[PDB]
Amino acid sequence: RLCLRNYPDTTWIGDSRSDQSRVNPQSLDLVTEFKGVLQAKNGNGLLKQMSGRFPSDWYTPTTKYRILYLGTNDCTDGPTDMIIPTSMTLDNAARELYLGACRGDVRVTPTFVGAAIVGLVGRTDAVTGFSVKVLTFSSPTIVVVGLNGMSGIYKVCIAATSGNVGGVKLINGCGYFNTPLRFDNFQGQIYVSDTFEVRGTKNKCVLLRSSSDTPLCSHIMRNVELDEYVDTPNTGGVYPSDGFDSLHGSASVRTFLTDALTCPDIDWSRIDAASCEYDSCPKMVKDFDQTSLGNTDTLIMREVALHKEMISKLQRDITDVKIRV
């Protein structure tokens, strides 16, 4: 019997299936109250948070413990999200991001961007199809992103008419980076996301499987390799067909999550973990009920009083007979 830590020192990191504040309840999988901090956004993921579609909805857990139930939306990242030469693979970017949300002491901070000329700051939907901040460079220049010693991941998207990275001609599209970069001969527009900083990694989580309506992309499928992974109800790896639609509201997922979050009388303060098996979880101590012991004392005192009375009467009775003797 799985018991998930349902407690104020825990952050639930989710997508629409957990976005209790903003999603029609029919599409929710998390339908029980979560006593911790809920960070869940319809459409979002640990990669998608860097796209610019949800500019105010970055995940920023600050608690010791986390429970993750997301990933399906990150499967909409594809070849064009790792097409800039020298970008990380999606497999590697996703592994670092899921490690950070699960275990990391994390921050979301502005990413350094600069250049040999002043770039024009604006916003446009021309680079990604939706509105994001960009720098526009009207002549070819050196463009720099990130700083030596950084520890985190940021996303870049370009619409360049010229440029190269270390002599390799750039390709328009996006990439993930966890090191500083330098573009030479760059002209055009550049989008740079904030940095998901991942520093120490001694926080703790459960990673609940997030299933899609088709088999998972490789970079999310690989979350199965993390010690914290826990399976959730699925049909051959695909989201069950017992929900509001093919992707939300699964009756069986709802039951799995509600049961695990409502284990009775667990003293979460006594275990350093984001979950435990019910028989092993520490239990709340209750007030001792002394009613039985008191009833026993009272009954004993009653009978001893009776004996006291009988003894004195037999003493008088013996005296009565000896007087007669």
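Sequential numbering from 1, following the sequence displayed.
Stretches 141-149 and 76-84 differ in mean C-alpha B factor, with the higher average recorded for 76-84. Here the stretch with the larger average CA B-factor, out of 157-165 and 228-236, is 228-236. Each of 34, 278, 58, 65 has a CA temperature factor in the record; the biggest one is found at 278. The top Cα temperature factor in the record, among 191, 98, 196, 244, falls on 244.
Residue 300: CA B factor lies in the middle third for its chain, per the PDB record. In the deposited entry, the Cα temperature factor of residue 13 places it in the lowest third of its chain's modelled residues.
In the PDB entry, a CA B factor belonging to the highest third of its chain's modelled residues is recorded for residue 213. When the modelled residues of the chain are ordered by C-alpha B-factor, residue 105 sits in the lowest third.
When the CA B factors of the chain's modelled residues are split into thirds, the value for residue 286 lands in the highest one.
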